[PDB]
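Heads up: the structure comes next, in C-alpha cells.
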Ligand SMILES: Nc1nc2c(ncn2[C@@H]2O[C@H](COP(=O)(O)OP(=O)(O)OP(=O)(O)O)[C@@H](O)[C@H]2O)c(=O)[nH]1
Ligand SMILES: Nc1ncnc2c1ncn2[C@@H]1O[C@H](COP(=O)(O)OP(=O)(O)CP(=O)(O)O)[C@@H](O)[C@H]1O
Ligand SMILES: Nc1nc2c(ncn2[C@@H]2O[C@H](COP(=O)(O)OP(=O)(O)O)[C@@H](O)[C@H]2O)c(=O)[nH]1
Ligand SMILES: c1ccc(CNc2cc3c(cn2)[nH]c2ccccc23)cc1
Ligand SMILES: [Ca+2]
Ligand SMILES: [Mg+2]
Ligand SMILES: [Mg+2]
C-alpha cells in the first residue's frame, strides 16, 4: 500500500512497502581449551604406549 | 567504499567459492587473467565492485578471498584451474591430511597447527583494506574441516576483529549427496560453537538444491558442479547489493538490521525463482507476479519447510532484470490476499525491495537458461527451525547409543561438549517456538 | 510392499485401519520410531510434521493436516470464522460466540446481551448454560483455561415420541488432493430426557453426548438414530426429507469450513502429503435451520459404521496414493 | 595418500600375490612393472599401492613375510613374481608349525625387527602414508602369530595410522590342523585392539560358495583365492581409481565403525563366478543389488538375517545407471528396514566406479558391518572350548613359554566381543 524510501539510480532502484504496522570468549580461554584437549590426547597416547610396553 | 573478505573453508566451501567468483567475474566483466577492460581507474579505485576485488598496478583485479582446506587436492584444482591467474599463492592454504569428517579433528587436532597461519594470510588482506566491514564464510556443516576448523576460525575472528561483521553460507547435510554418517554430530557441534560469532547465516540444504536440479533442470543425478552453479546464483543475488550501486543492503551491517531482529535467530530462509533449463527448447518468460508468487512455494526454498506454520520477522525481495516497483507492489498485493503470511506482532508486515536492472548472468555452457527477470526472497521465518528439528533428532538417535563418539573423544574432545552443544540446540528450538506460535 | 507406523494407540478409527492394511498382505507395520515409512498414523499432540517428506526414495503420507487445529478447537474456530471474510461475523450458521480469557471479547460480549436483557428476546448462553452472564463470567475464572461463550439454541428441533433434543454427527474425509468426501452414513446422538425449557441446571436434558447419558436405549438402541430412520420420521411428521431439509445445509457448512482454510493446510505442492478424517457436529432448530456446533480433529466412529468407513479411508485416502495389485462418499465439489 | 601392504605366512602370501596379480592387471601394470593401458584414470591414484621406479617402472609397496621360504619362493617364481622389490622378501627358515606361540613369541620375535626395517624404509618414502594393510590367515602360526605381532609393533611406531587386515578365518571344512581354533582365538584378541577394519573372510563360506553355488565338486585353495582377490580388488576400488569419493582410509573408517571393537566386516561379491567359466549375461542392477545382499554371496558364513546392520558400504563397478543404483539400494533398505539399526540414520552408503573388473561388465562389492558376525566368533569359541576344557594339544604352546591363563583370557575377550555384538542386536 504505502511505498517509502524510494531510492533510484542507473543500476536500479529500491524501496520499502508496508502493508500493516506492528502491534565473547577472549583468546585466554581459546588457547587454554585447545591445549587442555591436546594433553587429553597425550594422556590417551601415553596409556597406549604404557599398555603396549606391558 | 568498504571492503569484504570471503573465507572458503573445506571442500564444499572452496568449490562453492569457485562457483561464486567465476560468476562474479562474468557479472563484472573480469576475465580469467584478472583484466577488467571496463575499469578505467587503472591501479585502484573506490567503486562498488572493489568491495570484493582489489587492484594491482598491472591492472589485475584479484578477489579479496582466502581458500583453506586441511588437505590439498580440492584447492589444487584452483591452483591449476581456469582462474589460476586470478588468485595468488598466499591466498590458497592447504594442509596434508584432512579431518576425516571428524569435527574434533578439524577443530582441535589439525585445526591448531594451521589456525595461526590462516589468520596471518587473512591479516595480509585486511591490511590492504581502508575500511573492512567483515567476512563472508563459506563451509559445509558435515565436513570435519567445514565444521571444526570453521568454528575455530569464527572464534578467533571475533577476537582479532571484534567490530567486524561475520556472515555465513552454510551447507546443510543431505543423505542423497552426503556419504558421511556422522554429519549430524558435526552440524550440531559447529552450530553451537559458531552461534555467538555469526551475525547472519544463510543455510542451503543440499536436499533442496538437489531436487530443484532434478525437477526444474531435468538432471537425473545432479553433480556438485550442478549444485554449486545454482548455489552461486543465489549467493550472487544476496551479495549483489554489496558489489553494485544501490541503497538496500549496502553493507553487512544492514543484513543483520533488515533480517535479524533477534541475534540467535539469524538464519534467514532463501527462496529463488525462476530456475529454467537451458536445454529446454521452448520457454514462456515469467512475469513479476509469477516469479514473486514462486517465492512462497516450498519447492523453491533453499531449505524445505513450511512458512505457513510459522511467523515472519523480516522479508527482503531482491530482483534482477526487467522489474519496476509498480509491478512488484501489484504482485505483492495479489499474493497476500491468497497466501498465508503471518508476521510477529512486534514487526511491521512489509517488504524491503531491491531491484537491479541487469538480468541474472549465466555461466556459458551451464544448466541455467537466461531469463528476463529473476528474484531471490530473504525471509526470516521461524519455519526454518524444522531443519534444526530434523538434525537434532538424528543427533539424539546416534548419541543415545554413543555411536561414533569415540572418534571425537580420541582427538581430545570431551563427551560433555556433545551434550552442551545439544542443549544449546534444544534452547534454539524453543526460541523459535516462543516467537513462532 | 508399502510400510506404515502407528503412533496413536487410543485411536478407535485407525487401530481398525491398521488392521485392514495388514490384512491386504501388501502393507508392513514398522515400529513407532522407524523413519522409513510410507504412511504415518501419528499422535494427536506434537506430531512432528517437520520430519516428513525428507526420506529419499519414499513417498510419505500422514493421516493429519498440519494447521487443521485452527478449525478443530473452540477458541480458534470462533476467531477463524470472525476474521475470515469468506465466513465473516455475519455468518448465518454459527451461533453468536465470544472468546473469553480468565482474569479479548468480554466488553463486546456484555454489549451483545444488554439488549437481550431488555429486548425481550431469548437470552440463554453456553460455555455451562445460564441466563445470567455474571454467573458464568466467573465460572470461567474459577476453571483457569480460556473459554468460549456462545448463543444457546433454546428452541431446538424436538424428536417425538419423547420431546427430546439431539445433535447430528457427520464424518468427513479430506484426501491428499483436497477432495472433500462426505460419508453418506451419519448419526443422531439423541437425548432421551424430554427437553426442559425451564431448568438447565441439569446436564442430561441439554447435553446430548454419548457418554453422559450412561434413559438409555428407550426409543432406539444406542441413543443412536441413523439416517434411514431420521429420514423416515421427517417424511411422516413434517412431510420432508433429510437431504432437502438438513443435509444441504450440512454439505454447505462443511464445504465452507474446509475451503476457508484450504490455502493454509493444503499439501498440494509439499514434500509430504496429508489426509485427515473430521467429525462435524451440527444441530437443528424447530425451523429446520442447521447450526454448526463444532469440528473434531480426532473423531471416533459409530460401531455399526466402523467397518464401512475405515474401509473407505483405505480406498480413497491411502490406496489412492499407494495403489494395490458404488462409493460410500459424497464428493462436495468446488 | 600411500598404503603399505604386508602379507604374512602361507595363506597371507598366496592371496596377497593374487591380489597384486589382479589389481596390476586393472592398473595395466605388467609382470615387469611397465604401464600399458589406455585410460589415465589408471594412474592418478596409482601411487596408493605402487612406487614409481626409474625407467617408468612401477613397484608394489609390498612386504612379503614368512618364517619358511617355501611359499615365498613359489611367489617369486609366480606369474607376477618378479614385480616385487627383492629386498622386501623377509623370511626365516624354521617355520612356525601352525603354532601361534612360535609366530608371536619365539621364532617370529627373532624375525620381526627385520620386517619392521623394511616397513620403516617404505613409510619413509611415503609423502603421506594413510595406513597399512595385512593379508594373513588366523589358523596357522606365521600369519596368525607373527602377523599380529607385526600389527602390535606397527601401532607402537605408528599409533596414528590406519591398520586394516584381510583375515582368513579357519573352518573344519577347510582345515590343515586341529589347533586352528586356538590360533584364531589368540589372534582375534589382537585384532580387536589394534585394527581399524578387519575383513572377515571365512574359509567355510568360501568353500560352500565354491561347491553349493559355483558347481565345483572339489574346490582347491586356488579356487578359494579367486574369490578373495576379486573381493580385495573391489573393496580397494575407491582408493585406486578416481570417482565421487574424496576419502582416505581414516575418513572411511570413521563412517563404518560406530564402536571401536566392532570393526569386523562381512565382505560380499556379485556376480559369483568360478575361474575359467565365462560370463556372457551381464546382470541387471536389480540383480546385482539382490545378490550382494543375499547370504549365499557373503564371505563370512553368517546369516545377516540373524543380526542387524550397523553400517553398510557398497561399490558398484562398470557402466550403469547411477539413478537405477540409488533406487535399488533405497529399495532394499525400505524393503527390509528391520535388518538395519534405526539409531544410525542413513547407514547404507554407495559408490560407483566406471572401471569394471576383468571378465565382468559390471560387478558389486559388499562391505557389511553386521552384528551377525558374532556367529563367526561363537563358532570359533565353541571349537576352542571343546579342546581347551581338556587342555588338549596345549603342550605345543606351553613348550614355547605360554601359560594356560593367556588362553583363558583370550577365551574371555572373545566371549566379550560376542556379548557386545549381542547388545546392539537388541537395541
Ligand atoms: N553443495 C555442495 N556440497 C558439498 C560439496 N562438497 C561437499 N559437500 C557436502 O559437504 C559435506 C561433507 O563435507 P566436506 O566439505 O566434503 O568436508 P570438508 O569440509 O572438506 O572436511 P574434511 O572432513 O576434512 O574433508 C557433505 O554433506 C557433502 O554433501 C560441494 O561442492 N557442494
Ligand atoms: N449452543 C448449543 N445449543 C444447544 N446445545 C448445545 C450447544 N452447544 C453444545 N450443545 C450440546 O453439547 C453437546 C456437546 O458439546 P460440545 O460439542 O461443546 O462438547 P464435545 O466436544 O464433548 C462434543 P464432541 O465430543 O463429539 O467433540 C452437543 O452435542 C449438544 O448436545
Ligand atoms: N583361503 C586360503 N586359506 C588358506 C590358504 N593356505 C592356508 N589357508 C588357511 O590358513 C590356515 C593355515 O594357515 P597357514 O597360512 O597355512 O599358516 P602359516 O603360513 O604358518 O601362517 C588354515 O585354516 C588354512 O585353511 C590359502 O591359500 N588360501
Ligand atoms: C585396505 C584398503 C582399503 C580398504 C577399503 N576400505 C573401506 C572402503 C569403504 C568404506 C570403509 N572402508 N566405506 C565405504 C563407502 C563407500 C565406498 C567405499 C567404502 C580395505 C582394506
Ligand atoms: Ca579501478
Ligand atoms: Mg575435505
Ligand atoms: Mg599351511
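Throughout, read-outs are computed from the coordinates displayed, never taken from laboratory work. Cβ placement follows ideal geometry from the backbone for every residue including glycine, while neighbour counts extend to all protein chains displayed.
Tabulated data for the structure shown
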| item | result |
| --- | --- |
| Compactness of chain A, expressed as Rg and Dmax over alpha-carbon positions, Å | 30.4, 81 |
| Spin-label model distance (nm) - residue C:268 vs residue C:34, 7 Å beyond Cα toward Cβ | 3.5 nm |
| Mean ellipticity per residue at 222 nm, deg cm²/dmol - from DSSP H runs of n ≥ 4 across chain D, formula -39500 (n - 2.57) | -11500 deg cm²/dmol |
| Theoretical gain in end-to-end length, residue D:34 to residue D:319 [0.36 nm per residue, Cα-Cα removed] | 99.9 nm |
| Alpha-carbon centroids, segment C:249-304 and segment B:176-248: separation in whole Å | 41 Å |
| Residues residue C:184 and residue C:120, FRET efficiency given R0 of 45 Å [Cβ-Cβ distance, rounded to 0.05] | 0.55 |
| Under 18 Å from the residue A:19 label point (7 Å along Cα→beta-carbon), backbone N, segment B:363-385 | B:375-383 |
| Segment D:178-192 and segment C:114-161: distance between their alpha carbon centers, rounded to Å | 84 Å |
| Label-zone membership for segment D:127-159, site residue D:386, 7 angstrom Cα→C-beta point, backbone N under 18 Å | D:139-140 |
| Whole-angstrom gap from segment D:56-103 to segment D:357-427, using each part's C-alpha centre | 27 Å |
| Compactness index (Cα Rg / 2.2 N^0.38 Å), the protein assembly as shown | 1.09 |
| Helical contribution to [θ] at 222 nm, DSSP H n ≥ 4, -39,500 (n - 2.57), averaged over chain C, rounded to 500 | -6500 deg cm²/dmol |
| Spacing of the two label points (7 Å from each Cα toward its C-beta) at residue C:141 and residue B:393, in nm | 4.4 nm |
| Zone of residue A:28's modelled label, taken as backbone nitrogen in segment B:147-162 under 18 Å from a point 7 Å along Cα→Cβ | B:155-162 |
| Residue-averaged 222 nm ellipticity for chain B, from DSSP H runs of 4+ at -39500 (n - 2.57), nearest 500 | -11500 deg cm²/dmol |
| At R0 = 41 Å, FRET efficiency that the Cβ-Cβ distance of residue B:33 and residue D:212 yields, to 0.05 | 0.05 |
| Volume of the Cα convex hull of segment C:117-252, divided per residue and given in Å³ | 172 Å³ |
| Enclosed volume per residue, in Å³, of the convex hull spanned by Cα atoms of segment C:2-62 | 74 Å³ |
| Per-residue average of Cβ from other chains inside 10 Å of B:176-187 | 4 |
| Solvent-free Debye scattering, log10 I(q)/I(0), computed from the Cα coordinates of chain C at q = 0.14 Å⁻¹ | -1.21 |
| Cα→Cβ-extended label distance, 7 Å offset, between residue D:121 and residue C:303, nm | 9.1 nm |
| 10 Å Cβ neighbours from other chains, averaged over peptide D:407-413 | 0 |
| Taking D:326, D:40 and counting other C-beta atoms within 10 Å, the order from fewest to most | D:40, D:326 |
| For segment B:1-268, average projected area of the Cα convex hull in nm² | 13.6 nm² |
| Sequence ranges B:412-420, D:194-202, ranked by mean other-Cβ count within 10 angstrom, highest first | D:194-202, B:412-420 |
| Two-site FRET efficiency, residue D:178 against residue D:275, from Cβ-Cβ distance with R₀ of 30 Å, rounded to 0.05 | 0.50 |
| Fluctuation leader among B:313, B:425, B:398 - chain B, Gaussian network, Cα springs under 10 angstrom | B:398 |
